[PDB]
Amino acid sequence: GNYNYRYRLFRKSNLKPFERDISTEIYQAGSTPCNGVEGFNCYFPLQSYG
Amino acid sequence: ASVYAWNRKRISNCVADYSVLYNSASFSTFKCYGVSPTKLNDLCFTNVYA
């Protein structure tokens, strides 16, 4: 399994055309704030292909 | 109910506030395989099988 290729599953809004966003910021998918800490409804934006 | 005789609850003819169910912290697993969790309060479906 090669995991060197990563895609962004989660983002707060859609990208603009020809826009590159390389920010590894935690994503708030729920009501409880994350404050940069992983947990419930706080998922890493980058996930690897299997 | 037991898993071999799982009850099938039909939810229809009503308004569902999935945000209230989503924001409860006691749920340790909330995984959607065909829809988006944040779009449950916007989409409309014929009936729901529980």
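Here is what the cut-offs are and how they apply
- Residues numbered from 1 in each chain as written, not as in the entry; some residues may be left out.
- Chains lettered and ligands numbered in written order.
- Part of a larger assembly, values for the part shown.
- Heavy atoms only, no water.
- Helix = DSSP H or I, 4+ residues; strand = E, 2+ residues; numbered from the N terminus.
- Rg over C-alpha atoms; globule rule 2.2 N^0.38 Å.
- Buried < 20%, exposed > 50% of the residue type's maximum accessible area, 1.4 Å probe, protein only.
- Areas by Shrake-Rupley, 256 points an atom, 1.4 Å probe, with all protein chains shown as cover.
- 1 Å grid on protein atoms, 1.4 Å probe; cavity = no way out; pocket = protein on both sides within 12 Å on 5 of 7 lines; lining within 4 Å.
- Points joined across faces, edges and corners; volume = space filled by probe spheres on them.
- Nonpolar A, V, L, I, M, F, W, Y, C, P; charged D, E, K, R; others polar.
- Disulfide = S-S within 2.5 Å.
- Salt bridge = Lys/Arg side-chain N within 4 Å of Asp/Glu carboxyl O.

As stated in the entry header, the method of structure determination is cryo-EM and the reported resolution is 2.40 Å.

Once that is clear, we can look at the overall build of chain B. Counting its secondary structure elements, chain B contains one helix and two strands. Each helix and strand of chain B, ordered N terminal to C terminal, gives the series β-α-β. Its C-alpha atoms give chain B a radius of gyration of 13 Å, clearly above 10 Å, the size a compact globule of 50 residues would have. With respect to the principal axes defined by its C-alpha atoms, chain B has extents near 35 × 30 × 20 Å. Taken over 50 residues, chain B has a buried fraction of 4%. A total accessible area of about 4700 Å² is found for chain B, and carbon and sulfur atoms account for 55% of it.

So, on to the layout of surface pockets. Roughly 930 Å³ of internal volume is contained in the largest pocket. In terms of lining residues, the largest pocket is bounded by 33 residues, among which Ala29, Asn41 and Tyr43 of chain A together with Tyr22 and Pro37 of chain B are the most central. Sorting elements by how many residues they give to the lining of the largest pocket places helix 1 (residues 18-22) of chain B first, with four residues. Looking at the lining of the largest pocket, its residues break down into 15 nonpolar, 14 polar and four charged. In this structure, the second largest pocket occupies an estimated 350 Å³ of space. Taken together, 14 residues make up the lining of the second largest pocket; nearest its centre are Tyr18, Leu21, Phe30, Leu40 and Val48 of chain B. A class-by-class count of the residues in the lining of the second largest pocket yields eleven nonpolar, one polar and two charged.

Our focus in this paragraph is the state of the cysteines. Residues and elements named next belong to chain B. Summed over the entire model, instances satisfying the criterion amount to one disulfide over all chains. This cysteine, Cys44, is not joined by any disulfide, and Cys14 carries the nearest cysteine sulfur, 12 Å off. The exposure class of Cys44 is exposed, given its relative accessible area of 74%.

As a further point, take the pattern of salt bridges. All names here are of chain A. Taken as a whole and assessed by the stated rule, the structure comprises one salt bridge over all chains. Measuring nitrogen to oxygen at the nearest pair gives 2.4 Å for the salt bridge that ties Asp21 to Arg8. In this pair, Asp21 is assigned in the loop between strand 1 (6-8) and strand 2 (27-28) and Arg8 in strand 1, connecting sequence segments 13 residues apart. For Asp21, a relative accessible area of 32% gives the class partly exposed.

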